[PDB]
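K.L.:
Structure file structure.pdb (PDB, C-alpha atoms (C1' of nucleotides)) is given on the next line.
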ATOM      1  CA  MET A   8     -28.726 124.423  35.457
ATOM      2  CA  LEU A   9     -29.477 127.127  32.851
ATOM      3  CA  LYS A  10     -27.222 130.103  31.871
ATOM      4  CA  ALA A  11     -28.976 133.517  31.916
ATOM      5  CA  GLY A  12     -27.770 137.032  30.852
ATOM      6  CA  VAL A  13     -27.359 140.230  32.964
ATOM      7  CA  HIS A  14     -30.574 141.682  34.458
ATOM      8  CA  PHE A  15     -31.464 145.378  34.994
ATOM      9  CA  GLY A  16     -35.258 145.369  34.311
ATOM     10  CA  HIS A  17     -37.633 148.318  33.810
ATOM     11  CA  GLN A  18     -40.948 149.562  35.379
ATOM     12  CA  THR A  19     -40.201 148.994  39.111
ATOM     13  CA  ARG A  20     -43.927 148.774  40.206
ATOM     14  CA  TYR A  21     -45.338 146.870  37.141
ATOM     15  CA  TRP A  22     -45.875 143.075  37.278
ATOM     16  CA  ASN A  23     -48.697 140.548  36.534
ATOM     17  CA  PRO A  24     -49.853 138.502  39.629
ATOM     18  CA  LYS A  25     -50.506 135.484  37.264
ATOM     19  CA  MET A  26     -46.652 135.138  37.194
ATOM     20  CA  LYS A  27     -46.520 134.760  41.108
ATOM     21  CA  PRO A  28     -45.522 130.982  41.154
ATOM     22  CA  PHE A  29     -42.439 131.843  38.940
ATOM     23  CA  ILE A  30     -41.296 135.077  40.741
ATOM     24  CA  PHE A  31     -38.194 134.584  42.950
ATOM     25  CA  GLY A  32     -38.474 138.053  44.596
ATOM     26  CA  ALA A  33     -37.245 141.578  43.780
ATOM     27  CA  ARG A  34     -33.682 143.005  43.238
ATOM     28  CA  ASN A  35     -32.684 146.470  41.927
ATOM     29  CA  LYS A  36     -36.373 147.451  42.618
ATOM     30  CA  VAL A  37     -37.721 145.146  39.845
ATOM     31  CA  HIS A  38     -39.377 141.746  40.367
ATOM     32  CA  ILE A  39     -37.193 138.831  39.103
ATOM     33  CA  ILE A  40     -37.972 135.471  37.443
ATOM     34  CA  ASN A  41     -37.050 132.109  39.012
ATOM     35  CA  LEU A  42     -34.179 130.646  36.877
ATOM     36  CA  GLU A  43     -34.250 127.227  38.667
ATOM     37  CA  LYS A  44     -38.049 126.388  38.615
ATOM     38  CA  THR A  45     -38.018 127.210  34.830
ATOM     39  CA  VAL A  46     -35.132 124.770  33.997
ATOM     40  CA  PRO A  47     -37.377 121.664  33.375
ATOM     41  CA  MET A  48     -39.531 124.001  31.148
ATOM     42  CA  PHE A  49     -36.522 125.197  29.083
ATOM     43  CA  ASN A  50     -35.097 121.626  28.915
ATOM     44  CA  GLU A  51     -38.498 120.482  27.443
ATOM     45  CA  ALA A  52     -38.872 123.431  25.005
ATOM     46  CA  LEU A  53     -35.524 122.690  23.201
ATOM     47  CA  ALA A  54     -36.526 119.002  22.812
ATOM     48  CA  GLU A  55     -40.260 119.142  21.815
ATOM     49  CA  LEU A  56     -39.445 121.923  19.269
ATOM     50  CA  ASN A  57     -36.544 119.897  17.749
ATOM     51  CA  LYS A  58     -39.028 116.951  17.452
ATOM     52  CA  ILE A  59     -41.468 119.081  15.342
ATOM     53  CA  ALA A  60     -38.470 120.364  13.280
ATOM     54  CA  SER A  61     -37.332 116.698  12.747
ATOM     55  CA  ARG A  62     -40.860 115.970  11.312
ATOM     56  CA  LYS A  63     -40.255 118.862   8.790
ATOM     57  CA  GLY A  64     -42.981 120.874  10.643
ATOM     58  CA  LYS A  65     -43.407 124.557   9.634
ATOM     59  CA  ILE A  66     -42.229 126.830  12.513
ATOM     60  CA  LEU A  67     -43.623 130.402  12.482
ATOM     61  CA  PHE A  68     -41.637 133.172  14.305
ATOM     62  CA  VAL A  69     -43.507 136.168  15.891
ATOM     63  CA  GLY A  70     -42.158 139.609  16.848
ATOM     64  CA  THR A  71     -44.760 142.398  16.402
ATOM     65  CA  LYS A  72     -43.410 144.462  19.375
ATOM     66  CA  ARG A  73     -41.003 147.066  17.782
ATOM     67  CA  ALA A  74     -38.106 145.922  20.070
ATOM     68  CA  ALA A  75     -38.236 142.466  18.280
ATOM     69  CA  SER A  76     -39.583 143.410  14.743
ATOM     70  CA  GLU A  77     -36.002 143.205  13.329
ATOM     71  CA  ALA A  78     -34.496 140.497  15.615
ATOM     72  CA  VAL A  79     -37.214 138.043  14.359
ATOM     73  CA  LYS A  80     -35.860 138.435  10.719
ATOM     74  CA  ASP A  81     -32.134 139.262  11.433
ATOM     75  CA  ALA A  82     -31.100 136.330  13.741
ATOM     76  CA  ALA A  83     -30.222 134.194  10.647
ATOM     77  CA  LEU A  84     -29.587 134.733   6.882
ATOM     78  CA  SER A  85     -27.918 131.366   5.945
ATOM     79  CA  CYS A  86     -31.182 129.530   7.004
ATOM     80  CA  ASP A  87     -34.729 129.660   5.516
ATOM     81  CA  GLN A  88     -37.384 131.001   7.966
ATOM     82  CA  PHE A  89     -41.083 132.011   8.314
ATOM     83  CA  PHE A  90     -41.870 135.274  10.224
ATOM     84  CA  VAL A  91     -44.559 137.877  11.148
ATOM     85  CA  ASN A  92     -43.573 141.381  12.392
ATOM     86  CA  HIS A  93     -46.380 143.807  11.256
ATOM     87  CA  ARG A  94     -49.862 144.153  12.977
ATOM     88  CA  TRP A  95     -52.051 141.010  12.809
ATOM     89  CA  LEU A  96     -55.192 143.139  12.030
ATOM     90  CA  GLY A  97     -57.982 140.735  10.819
ATOM     91  CA  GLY A  98     -55.827 137.717  11.985
ATOM     92  CA  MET A  99     -53.551 135.190  10.166
ATOM     93  CA  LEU A 100     -54.190 131.600  11.422
ATOM     94  CA  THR A 101     -57.941 131.510  12.364
ATOM     95  CA  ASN A 102     -58.269 133.705   9.239
ATOM     96  CA  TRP A 103     -55.929 131.536   7.003
ATOM     97  CA  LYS A 104     -58.924 130.931   4.624
ATOM     98  CA  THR A 105     -58.322 134.607   3.619
ATOM     99  CA  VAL A 106     -54.437 134.609   3.835
ATOM    100  CA  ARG A 107     -54.283 131.720   1.270
ATOM    101  CA  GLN A 108     -55.910 134.183  -1.212
ATOM    102  CA  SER A 109     -53.953 137.277   0.086
ATOM    103  CA  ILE A 110     -50.671 135.629  -1.128
ATOM    104  CA  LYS A 111     -52.166 134.999  -4.659
ATOM    105  CA  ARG A 112     -53.570 138.574  -4.651
ATOM    106  CA  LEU A 113     -50.004 139.777  -3.775
ATOM    107  CA  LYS A 114     -48.192 137.532  -6.385
ATOM    108  CA  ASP A 115     -50.225 139.044  -9.281
ATOM    109  CA  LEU A 116     -48.546 142.369  -8.249
TER     110      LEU A 116
ATOM    111  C1'   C B   1    -114.136 141.649  -9.719
ATOM    112  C1'   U B   2    -110.179 140.709  -6.133
ATOM    113  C1'   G B   3    -103.339 144.074  -5.266
ATOM    114  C1'   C B   4    -106.960 143.308   2.719
ATOM    115  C1'   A B   5    -104.137 137.392  -3.131
ATOM    116  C1'   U B   6     -99.825 137.993  -6.721
ATOM    117  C1'   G B   7     -95.021 138.736 -10.705
ATOM    118  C1'   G B   8     -94.457 143.814 -11.321
ATOM    119  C1'   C B   9     -95.005 149.208 -12.343
ATOM    120  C1'   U B  10     -95.186 154.128 -10.436
ATOM    121  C1'   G B  11     -95.685 157.298  -6.377
ATOM    122  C1'   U B  12     -92.454 158.810  -0.806
ATOM    123  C1'   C B  13     -87.569 160.099   1.816
ATOM    124  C1'   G B  14     -84.030 161.559  -2.218
ATOM    125  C1'   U B  15     -79.201 162.089  -5.448
ATOM    126  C1'   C B  16     -80.635 160.779   1.058
ATOM    127  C1'   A B  17     -75.883 158.224   2.439
ATOM    128  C1'   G B  18     -77.084 154.391   3.163
ATOM    129  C1'   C B  19     -78.288 148.605   2.685
ATOM    130  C1'   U B  20     -75.650 144.009   3.117
ATOM    131  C1'   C B  21     -71.769 139.745   2.822
ATOM    132  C1'   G B  22     -67.103 136.651   3.233
ATOM    133  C1'   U B  23     -63.393 135.298   7.213
ATOM    134  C1'   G B  24     -61.487 137.441  12.231
ATOM    135  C1'   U B  25     -63.690 139.694  16.863
ATOM    136  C1'   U B  26     -67.719 140.872  20.761
ATOM    137  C1'   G B  27     -72.384 138.662  23.018
ATOM    138  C1'   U B  28     -75.679 133.077  26.458
ATOM    139  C1'   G B  29     -78.434 134.574  22.359
ATOM    140  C1'   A B  30     -81.854 137.687  19.622
ATOM    141  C1'   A B  31     -77.934 140.876  17.676
ATOM    142  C1'   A B  32     -73.661 143.934  17.191
ATOM    143  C1'   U B  33     -68.394 145.152  15.107
ATOM    144  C1'   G B  34     -66.623 146.026  10.061
ATOM    145  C1'   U B  35     -70.529 150.748   8.793
ATOM    146  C1'   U B  36     -67.732 153.606  14.804
ATOM    147  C1'   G B  37     -63.926 157.398  16.371
ATOM    148  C1'   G B  38     -60.820 162.156  15.015
ATOM    149  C1'   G B  39     -59.998 165.853  10.873
ATOM    150  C1'   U B  40     -63.188 167.248   6.388
ATOM    151  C1'   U B  41     -67.209 167.319   3.017
ATOM    152  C1'   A B  42     -72.323 167.193  -1.795
ATOM    153  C1'   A B  43     -70.790 161.978  -0.095
ATOM    154  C1'   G B  44     -70.158 154.930   4.481
ATOM    155  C1'   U B  45     -66.434 161.004   0.720
ATOM    156  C1'   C B  46     -61.102 161.810   1.257
ATOM    157  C1'   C B  47     -57.645 160.931   4.947
ATOM    158  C1'   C B  48     -55.654 159.739   9.856
ATOM    159  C1'   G B  49     -56.326 156.007  13.545
ATOM    160  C1'   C B  50     -58.318 151.433  15.530
ATOM    161  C1'   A B  51     -60.727 144.485  16.601
ATOM    162  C1'   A B  52     -60.460 144.401  12.249
ATOM    163  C1'   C B  53     -59.224 143.088   6.884
ATOM    164  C1'   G B  54     -61.445 143.064   2.094
ATOM    165  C1'   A B  55     -65.953 143.252  -1.004
ATOM    166  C1'   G B  56     -71.261 143.926  -4.112
ATOM    167  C1'   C B  57     -74.949 147.942  -5.058
ATOM    168  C1'   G B  58     -75.750 153.543  -4.166
ATOM    169  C1'   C B  59     -72.181 157.861  -3.943
ATOM    170  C1'   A B  60     -67.811 159.320  -7.571
ATOM    171  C1'   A B  61     -64.678 159.207 -11.937
ATOM    172  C1'   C B  62     -65.087 156.985 -17.009
ATOM    173  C1'   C B  63     -69.353 158.684 -19.987
ATOM    174  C1'   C B  64     -72.776 163.113 -22.748
ATOM    175  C1'   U B  65     -72.500 169.035 -23.468
ATOM    176  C1'   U B  66     -69.424 173.349 -23.506
ATOM    177  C1'   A B  67     -65.940 177.699 -22.669
ATOM    178  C1'   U B  68     -60.286 178.500 -25.514
ATOM    179  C1'   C B  69     -57.301 176.101 -28.988
ATOM    180  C1'   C B  70     -55.911 171.941 -32.189
ATOM    181  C1'   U B  71     -57.291 168.327 -36.225
ATOM    182  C1'   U B  72     -59.985 165.962 -40.410
ATOM    183  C1'   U B  73     -64.006 166.887 -44.220
ATOM    184  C1'   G B  74     -68.413 168.347 -47.939
ATOM    185  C1'   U B  75     -73.238 169.134 -51.384
ATOM    186  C1'   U B  76     -77.037 172.388 -55.250
ATOM    187  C1'   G B  77     -73.791 175.856 -48.945
ATOM    188  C1'   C B  78     -68.077 178.272 -47.835
ATOM    189  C1'   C B  79     -63.861 180.499 -50.713
ATOM    190  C1'   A B  80     -58.866 182.551 -48.013
ATOM    191  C1'   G B  81     -54.024 179.990 -50.586
TER     192        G B  81
END
Would you write out, as structure tokens, the structure that this file holds?

P.N.:
Amino acid sequence: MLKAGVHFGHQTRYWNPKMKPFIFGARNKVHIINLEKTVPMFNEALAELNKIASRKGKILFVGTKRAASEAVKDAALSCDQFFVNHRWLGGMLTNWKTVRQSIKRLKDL
RNA sequence: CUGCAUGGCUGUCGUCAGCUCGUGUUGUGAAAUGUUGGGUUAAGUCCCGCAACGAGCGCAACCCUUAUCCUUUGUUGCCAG
């Protein structure tokens, strides 16, 4: 059991064959995801994430695709949150030894 | 005396636009990318666009000279009021 929203899809011939073990078939000329084989994955995700949050762990939200570049920063305003929504460019995490100076370099401005 | 032994100095290209690094990326690695591409120039310039983002030196401005004006000042020079 998992509730899922209404599907219409887009790009009727475009899919990645690395998703094959999680594709249920095709309906309305788009390939569709399996919403039963993914339930033990969703039921783990809500629990292992709440465990990191219960250890005060810093959760970083990502939405660089323009469809999500507002949703990532507009889903809450009564909570505190960390987000990235502009191009990663030289990188952020493997390049954190630069970002830790980029924030100081910004705060002087 | 030895620069075919050396710290350097000067000559060459040439005031040419280039040499190199931090971290990310590519490559088995020696190495590359960044520094390319597309507009535009004296110019790795100035922009746009990107697996790059910034940075040191050279480029360039600041700096020196001057056109026309403004402003201060002096002798045994100038002399209007």

K.L.:
Identify all residues satisfying the PyMOL selection byres ((chain B) within 8 of (chain A)) in the given file; provide them as a PDB file with C-alpha atoms (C1' of nucleotides), keeping the file's coordinate frame.

P.N.:
ATOM      1  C1'   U B  23     -63.393 135.298   7.213  1.00  0.00           C
ATOM      2  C1'   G B  24     -61.487 137.441  12.231  1.00  0.00           C
ATOM      3  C1'   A B  51     -60.727 144.485  16.601  1.00  0.00           C
ATOM      4  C1'   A B  52     -60.460 144.401  12.249  1.00  0.00           C
ATOM      5  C1'   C B  53     -59.224 143.088   6.884  1.00  0.00           C
TER       6        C B  53
END

K.L.:
Suppose you want the space between atom CA of residue A:23 and atom CA of residue A:47; what is it in Å?

P.N.:
22.2 Å

K.L.:
What is the atom CA of residue A:58-atom CA of residue A:43 distance in Å, reported with one decimal?

P.N.:
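Going from atom CA of residue A:58 over to atom CA of residue A:43, I get 24.1 Å.
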
K.L.:
What does the structure give for the distance between atom CA of residue A:52 and atom CA of residue A:17, in Å to one decimal?

P.N.:
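Taking atom CA of residue A:52 as the start and atom CA of residue A:17 as the end point, the length is 26.4 Å.
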
K.L.:
Once the PyMOL selection byres ((chain A and resi 45) around 12) has been applied to the shown file, what residues remain in the selection, as a PyMOL selection string?

P.N.:
chain A and resi 8-11+26+28-31+40-44+46-52

K.L.:
Please provide as number ranges by chain all residues within 12 Å of residue A:73, with the sequence filter that same-chain residues fewer than 4 positions apart are discarded (counting only C-alpha atoms (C1' of nucleotides)).

P.N.:
A: 69, 77-79, 91-94

K.L.:
Atoms to include: C-alpha atoms. Write the selected residues as a PDB file, in the coordinates of the input.

P.N.:
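To be explicit, this is the file written out as out-v6.pdb:
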ATOM      1  CA  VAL A  69     -43.507 136.168  15.891  1.00  0.00           C
ATOM      2  CA  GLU A  77     -36.002 143.205  13.329  1.00  0.00           C
ATOM      3  CA  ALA A  78     -34.496 140.497  15.615  1.00  0.00           C
ATOM      4  CA  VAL A  79     -37.214 138.043  14.359  1.00  0.00           C
ATOM      5  CA  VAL A  91     -44.559 137.877  11.148  1.00  0.00           C
ATOM      6  CA  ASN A  92     -43.573 141.381  12.392  1.00  0.00           C
ATOM      7  CA  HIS A  93     -46.380 143.807  11.256  1.00  0.00           C
ATOM      8  CA  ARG A  94     -49.862 144.153  12.977  1.00  0.00           C
TER       9      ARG A  94
END

K.L.:
On this structure, which residues satisfy the PyMOL selection byres ((chain B and resi 43) around 8), written as a list in words?

P.N.:
residues 17, 41, 42, 45 and 59 of chain B

K.L.:
Next, the residues of the selection above should be written as a PDB file, in the frame of the given file with C-alpha atoms (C1' of nucleotides).

P.N.:
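Result file is part-v9.pdb:
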ATOM      1  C1'   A B  17     -75.883 158.224   2.439  1.00  0.00           C
ATOM      2  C1'   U B  41     -67.209 167.319   3.017  1.00  0.00           C
ATOM      3  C1'   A B  42     -72.323 167.193  -1.795  1.00  0.00           C
ATOM      4  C1'   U B  45     -66.434 161.004   0.720  1.00  0.00           C
ATOM      5  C1'   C B  59     -72.181 157.861  -3.943  1.00  0.00           C
TER       6        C B  59
END

K.L.:
In the coordinate frame of the file, compute which residues have an atom within 10 Å of (-40.7, 148.0, 40.7) when using only C-alpha atoms (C1' of nucleotides), and state them as a list in words.

P.N.:
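Selection result: residues 16, 17, 18, 19, 20, 21, 22, 33, 34, 35, 36, 37, 38 and 39 of chain A.
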
K.L.:
Around stretch 33-46 of chain A, fit a box with edges along x, y and z, padding it by 5 Å on each side, then list its centre and edge lengths in Å to one decimal as AutoDock Vina command-line options.

P.N.:
--center_x -36.0 --center_y 136.1 --center_z 38.9 --size_x 16.7 --size_y 32.7 --size_z 19.8

K.L.:
Which is closer to residue B:60 than all the others in B:74, B:15, B:22, B:5, using all atoms listed in the file?

P.N.:
B:15

K.L.:
Which of these, A:55, A:82, A:32, A:110, has the shortest distance to residue A:68 once you count all atoms listed in the file?

P.N.:
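Between A:55, A:82, A:32, A:110, the residue approaching residue A:68 most closely is A:82.
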
K.L.:
Output requested as a PDB file, keeping the file's coordinate frame - stretch 36-50 of chain A, filled out with N, CA and C atoms.

P.N.:
ATOM      1  N   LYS A  36     -34.962 147.032  42.552  1.00  0.00           N
ATOM      2  CA  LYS A  36     -36.373 147.451  42.618  1.00  0.00           C
ATOM      3  C   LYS A  36     -37.306 146.956  41.501  1.00  0.00           C
ATOM      4  N   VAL A  37     -36.907 145.897  40.806  1.00  0.00           N
ATOM      5  CA  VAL A  37     -37.721 145.146  39.845  1.00  0.00           C
ATOM      6  C   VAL A  37     -37.944 143.720  40.335  1.00  0.00           C
ATOM      7  N   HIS A  38     -39.135 143.162  40.106  1.00  0.00           N
ATOM      8  CA  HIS A  38     -39.377 141.746  40.367  1.00  0.00           C
ATOM      9  C   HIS A  38     -38.603 140.867  39.372  1.00  0.00           C
ATOM     10  N   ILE A  39     -38.078 139.739  39.851  1.00  0.00           N
ATOM     11  CA  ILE A  39     -37.193 138.831  39.103  1.00  0.00           C
ATOM     12  C   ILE A  39     -37.776 137.424  38.946  1.00  0.00           C
ATOM     13  N   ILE A  40     -37.525 136.820  37.781  1.00  0.00           N
ATOM     14  CA  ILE A  40     -37.972 135.471  37.443  1.00  0.00           C
ATOM     15  C   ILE A  40     -37.121 134.395  38.140  1.00  0.00           C
ATOM     16  N   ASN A  41     -37.736 133.265  38.471  1.00  0.00           N
ATOM     17  CA  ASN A  41     -37.050 132.109  39.012  1.00  0.00           C
ATOM     18  C   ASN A  41     -36.365 131.308  37.880  1.00  0.00           C
ATOM     19  N   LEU A  42     -35.029 131.271  37.897  1.00  0.00           N
ATOM     20  CA  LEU A  42     -34.179 130.646  36.877  1.00  0.00           C
ATOM     21  C   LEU A  42     -33.772 129.203  37.235  1.00  0.00           C
ATOM     22  N   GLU A  43     -34.426 128.611  38.235  1.00  0.00           N
ATOM     23  CA  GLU A  43     -34.250 127.227  38.667  1.00  0.00           C
ATOM     24  C   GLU A  43     -35.550 126.407  38.483  1.00  0.00           C
ATOM     25  N   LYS A  44     -36.709 126.967  38.849  1.00  0.00           N
ATOM     26  CA  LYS A  44     -38.049 126.388  38.615  1.00  0.00           C
ATOM     27  C   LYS A  44     -38.421 126.317  37.117  1.00  0.00           C
ATOM     28  N   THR A  45     -37.817 127.170  36.293  1.00  0.00           N
ATOM     29  CA  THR A  45     -38.018 127.210  34.830  1.00  0.00           C
ATOM     30  C   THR A  45     -37.082 126.271  34.059  1.00  0.00           C
ATOM     31  N   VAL A  46     -36.099 125.630  34.701  1.00  0.00           N
ATOM     32  CA  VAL A  46     -35.132 124.770  33.997  1.00  0.00           C
ATOM     33  C   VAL A  46     -35.777 123.531  33.354  1.00  0.00           C
ATOM     34  N   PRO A  47     -36.658 122.759  34.023  1.00  0.00           N
ATOM     35  CA  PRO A  47     -37.377 121.664  33.375  1.00  0.00           C
ATOM     36  C   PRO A  47     -38.322 122.135  32.245  1.00  0.00           C
ATOM     37  N   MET A  48     -38.695 123.418  32.207  1.00  0.00           N
ATOM     38  CA  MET A  48     -39.531 124.001  31.148  1.00  0.00           C
ATOM     39  C   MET A  48     -38.684 124.322  29.915  1.00  0.00           C
ATOM     40  N   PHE A  49     -37.510 124.918  30.126  1.00  0.00           N
ATOM     41  CA  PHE A  49     -36.522 125.197  29.083  1.00  0.00           C
ATOM     42  C   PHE A  49     -35.933 123.912  28.478  1.00  0.00           C
ATOM     43  N   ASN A  50     -35.613 122.933  29.321  1.00  0.00           N
ATOM     44  CA  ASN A  50     -35.097 121.626  28.915  1.00  0.00           C
ATOM     45  C   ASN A  50     -36.126 120.802  28.108  1.00  0.00           C
TER      46      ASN A  50
END
